[PDB]
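Quick setup: one chain, the form deposited in one PDB entry, written in structure tokens, and binding and motion questions come after.
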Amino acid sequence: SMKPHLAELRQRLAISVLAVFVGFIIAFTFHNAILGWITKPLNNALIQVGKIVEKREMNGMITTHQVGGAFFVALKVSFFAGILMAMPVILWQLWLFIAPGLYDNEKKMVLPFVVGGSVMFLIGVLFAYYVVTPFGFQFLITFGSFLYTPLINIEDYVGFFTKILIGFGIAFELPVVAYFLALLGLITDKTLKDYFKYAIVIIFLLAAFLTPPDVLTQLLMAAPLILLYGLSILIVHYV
């Protein structure tokens, strides 16, 4: 039963792990460049907020509060870039494992799905980096500019920044996963509406997983998911 599949899975999981390790080495060789890319929007926000602050009066900068914070951030950023660099190998190995299983009817809707899903994920990250972050970061820092001093630490920033970038990519993949399921025909407008009663519970179940144990973080994450489900209604309604 599982004897031939586990032998095949082992030799494909080995290649994927190797790809991450090689991607990690390449990412760590250029960790200054990747950190500069990640850290650049924050420097723009702090400098831009500083000019507003130094105008009402007429400082803040990026810090690290752990001894190993700089090294760990470089590893964490390199690890994340390594997984992203290994995604073509990981997905190619994933496809080769399930390619014989899929029938020839639905085998030609997987490559466009992977290409379409990946290209939409890239747009989500670029949109979050170049359109959302420059205005979002400036607004957030300005909120506590007249009250507190923004001594932003890199350890908590990288996690905050990577979640925004990763989250927006998936936030763009939800309106295309539903669209892909719509043209072929598997769910209609009614199906995505009469299953909302459960779907709200799963959304709050998903919100709890991806947030600290605070309720506010749950609601602050359940609200975007509700709208993504809402946009999914019109996408199926239009098709």
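Definition used throughout: the rigid core is the maximal C-alpha set that superposes within 1.5 Å between two forms. Residue positions are given as counts along the sequence shown, with the first one as 1.
Keep in mind that the form deposited with a partner chain bound is not shown, yet the notes after this line are about it.
- Only one of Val115, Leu122, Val131, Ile98 comes within 4.5 Å of its partner chain in the entry with it bound through a heavy atom, and that residue is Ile98.
- Residues of just one listed stretch (123-131, 99-107, 84-92, 165-173) have heavy atoms within 4.5 Å of its partner chain in the entry with it bound: 99-107.
- In the entry with it bound, at least one heavy atom of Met2 sits within 4.5 Å of its partner chain.
- Shift analysis on the rigid core between this form and the one not shown singles out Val110 from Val110, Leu126, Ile152, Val132 (C-alpha displacement of 2 Å or more).
- Once the rigid core is overlaid between this form and the one not shown, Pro88 does not reach a Cα shift of 2 Å, moving by less than that.
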